[PDB]
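Residue numbers (UniProt numbering), protein chains in the order written: chain A, 224 to 375; chain B, 225 to 375; chain C, 225 to 375. What follows is a short report on a single structure.
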Amino acid sequence: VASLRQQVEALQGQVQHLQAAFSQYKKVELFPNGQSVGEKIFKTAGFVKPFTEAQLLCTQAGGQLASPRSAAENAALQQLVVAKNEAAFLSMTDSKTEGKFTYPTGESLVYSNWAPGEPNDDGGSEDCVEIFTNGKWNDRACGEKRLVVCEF
Amino acid sequence: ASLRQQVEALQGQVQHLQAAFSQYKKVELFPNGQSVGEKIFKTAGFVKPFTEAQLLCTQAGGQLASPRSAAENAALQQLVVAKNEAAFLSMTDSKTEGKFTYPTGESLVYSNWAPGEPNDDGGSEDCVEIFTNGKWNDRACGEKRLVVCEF
Amino acid sequence: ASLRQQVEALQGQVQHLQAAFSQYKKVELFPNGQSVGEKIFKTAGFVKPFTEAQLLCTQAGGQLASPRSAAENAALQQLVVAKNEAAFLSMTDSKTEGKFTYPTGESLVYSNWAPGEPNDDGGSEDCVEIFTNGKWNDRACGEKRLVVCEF
Ligand SMILES: O=C(O)C(=O)C[C@@H]1O[C@H](CO)[C@@H](O)[C@@H]1O[C@H]1O[C@H]([C@@H](O)CO)[C@@H](O)[C@H](O[C@H]2O[C@H]([C@@H](O)CO)[C@@H](O)[C@H](O)[C@@H]2O)[C@@H]1O
Ligand SMILES: O=C(O)C(=O)C[C@@H]1O[C@H](CO)[C@@H](O)[C@@H]1O[C@H]1O[C@H]([C@@H](O)CO)[C@@H](O)[C@H](O[C@H]2O[C@H]([C@@H](O)CO)[C@@H](O)[C@H](O)[C@@H]2O)[C@@H]1O
Ligand SMILES: [Ca+2]
Ligand SMILES: [Ca+2]
Ligand SMILES: [Ca+2]
Ligand SMILES: [Ca+2]
Ligand SMILES: [Ca+2]
Ligand SMILES: [Ca+2]
Ligand SMILES: [Ca+2]
Ligand SMILES: [Ca+2]
Ligand SMILES: [Ca+2]
């Protein structure tokens, strides 16, 4: 029984060292292309793609396109867009039913930050969403190239 | 007697750490890495000649990409396709012409040569590149190719 | 001995996590990072003026590269050599000309000035860069240099 005492204690020290080391590496890893907010992490690829290609990249990496669900998440995403000075695609589209924007799950939006007058389906062919450097959203043609930002 | 409550607590801490680490690992590999089994490939995202590429990987504590199976080859091919640039592998036939080896000297356990390859073209192709179609071609070591290290 | 089984399971998890973490460290540092003692330097891989560079590091939870020993300086120098671009350090004589301080206000505990430096060239150099040879030079804060943060 005294043997299990020492093993628990030795493991407490190893766990503590891992926790400390990992805390440092979290900051290192997100510099300069990531942003943590709550339990979510946004990470930019640093390049532009059309929506279908961008969506595929995020899903293949085990994430999904940026899907801000609150003001705080939106502002964190905005920091990356500002840093790269390039609008980014979000995950959401009205491809299925025009006028009705949904997450890739099909769920209706729980938060939006549309620029005034948006979404406007300009030219009758804007089914994707971009976030500007000011944090506001705009519906945009899915074939256009925008900053790839994934969430994990 | 109540080590129990320390062990239950320590287990919660370790499981929270596992979850965070798992998330940070996915983040780390996007967009310049691929995991396959216990192996991780990561590109530097630029090109170098072979000796410089090999040094970069060894100094980083890895080695140049060394796919030992079709699954590892397919994972490496994803990075090459993403950067649209052929990458150096670790293997050479510098010691014995026509006999490709890993940096340890071990003979190949897997290959994916393009038709007609290896051909030692020009009489001096002792390095190996992987193309965007995943096939291999022996290449002059002085040429600049994408640097991909395995860890 | 019901605990004894759960301790052995927990040991397995921790040992696996230690090995995974050590691997992940190598991956993370390749190719833009360097670890020296308990400090980690990481380059953003682009250039900015000092004020913008300083803000990027502080917002990331770190600060501009601040080498405090020859060993730290050599670790930083590897990144500068790899990018082939001189980098800003954290230290400035913006408060009192000719007296360089850390952002804390503390005076320098280590320096590696190039011959002749610091020279306040044009009466307008209050920031510090590190060259590819590792030596330091005072430089105008409005110039664009490699962003390197320390964590
Ligand atoms: O770079 C862009 O934002 C565009 O794609 C601009 C486009 O230029 C054309 C201008 O008529 C039109 O095809 C499109 O502008 C419309 O759509 C924009 C975005 O929703 C596209 O997704 C709007 O930003 C734009 O509004 C602005 O211009 C109008 C008009 O002056 C011209 O249509 C203003 O009423 C409005 O306040 C904005 O200044 C427009 O709806
Ligand atoms: O990129 C630079 O080094 C400069 O900023 C060059 C500038 O050119 C002008 C030359 O008269 C002057 O305004 C400045 O050069 C002086 O300052 C430099 C730095 O302190 C700027 O922060 C020095 O590097 C430079 O000296 C270098 O060149 C001289 C010359 O002999 C040319 O070979 C050398 O004596 C010295 O070893 C350096 O190589 C100069 O002091
Ligand atoms: Ca539509
Ligand atoms: Ca639409
Ligand atoms: Ca629109
Ligand atoms: Ca030969
Ligand atoms: Ca050969
Ligand atoms: Ca060949
Ligand atoms: Ca001054
Ligand atoms: Ca000065
Ligand atoms: Ca100077």
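Heads up, the beta-carbon is just placed ideally off N, CA and C, and yes, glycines get one too.
Measuring C-alpha to C-alpha distances from C/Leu241 to each of B/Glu367, B/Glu262, B/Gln283 identifies B/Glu262 as the nearest.
With a threshold of 6 angstroms, the Cβ atom of C/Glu341 does not count as near ligand 9, since no heavy atom of the ligand is closer than that. Rounded to the nearest whole angstrom, the C-alpha separation of A/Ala294 and B/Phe274 is 48 angstroms.
Taking a contact to require three or more Cβ pairs closer than 8 angstroms, the stretch 330-343 of chain C and the stretch 357-368 of chain C qualify as touching. Between C/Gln247 and B/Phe245 the beta-carbon gap is near 11 angstroms, outside 8 angstroms, which marks them as no contact.
Relative to ligand 7, the beta carbon of C/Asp344 is positioned no closer than 6 angstroms to any heavy atom.
The closest heavy atom of ligand 6 lies 6 angstroms or more from the beta carbon of B/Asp362. Chain-ordered, the residues whose CB falls short of 5 angstroms from any heavy atom of ligand 3 come out as A/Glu321, A/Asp350. Contact of C/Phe375 with chain A by beta-carbon distance below 8 angstroms involves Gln247, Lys250, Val251, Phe254.
Per DSSP, the unbroken beta strand (DSSP E) holding A/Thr267 starts and ends at 263-273. Bridge pairing for A/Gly257: A/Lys266 [DSSP]. C/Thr325 and A/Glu353 have their C-alpha atoms some 43 angstroms from each other. B/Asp317 has its Cβ no nearer than 6 angstroms to any heavy atom of ligand 10. Rounded to the nearest angstrom, the gap between the Cα atoms of A/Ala225 and A/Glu232 is 11 angstroms. Contact between the stretch 311-319 of chain A and the stretch 253-261 of chain B is absent, with fewer than three C-beta pairs closer than 8 angstroms.
Between the alpha carbons of A/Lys323 and A/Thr316 lies a distance of about 8 angstroms. The continuous stretches of beta strand (DSSP E) do not include A/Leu300, which lies in the alpha helix (DSSP H) extending over residues 294-307. If you keep only unbroken beta strand (DSSP E) runs of at least 3 residues inside the stretch 304-372 of chain C, you get 351-354, 360-363. The residue from C/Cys281, C/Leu300, C/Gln237, C/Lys272 with its alpha-carbon nearest to that of A/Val251 is C/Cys281. If you draw a 10 Å sphere on the C-beta of B/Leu279, you find fewer than 16 other C-beta atoms in it, and that means exposed. Looking at the DSSP output, A/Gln278 shares a beta bridge with no other residue.
Think of a sphere of 7 angstroms around the beta carbon of A/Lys266: the chain B residues whose beta carbon falls inside it are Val251, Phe254, in chain order.
Pairing A/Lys272 with A/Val371 gives a Cβ-Cβ distance under 7 angstroms. The residues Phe375, in chain order, have a CB closer than 8 angstroms to that of C/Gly285 in the same chain once the five nearest residues on each side in sequence are set aside. Rounded to the nearest whole angstrom, the C-alpha separation of A/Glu367 and A/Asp345 is 13 angstroms.
Interface criterion not met: the Cβ of C/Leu313 is under 7 angstroms from no Cβ in chain A. B/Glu276 is classed as exposed because its beta carbon has fewer than 16 other beta carbons within 10 Å across all chains shown. A direct Cα-Cα distance of roughly 10 angstroms separates B/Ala243 from B/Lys249.
Burial is judged here by how many other beta carbons sit within 10 angstroms of a residue's own beta carbon; C/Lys319 has fewer than 16 and is exposed. According to the DSSP secondary-structure assignment, B/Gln287 is paired through a beta bridge with B/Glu374. Among the CB atoms of chain A, one or more fall inside 7 angstroms of the CB of B/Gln230. At the C-beta level, B/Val238 and C/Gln237 come within 7 angstroms of one another.
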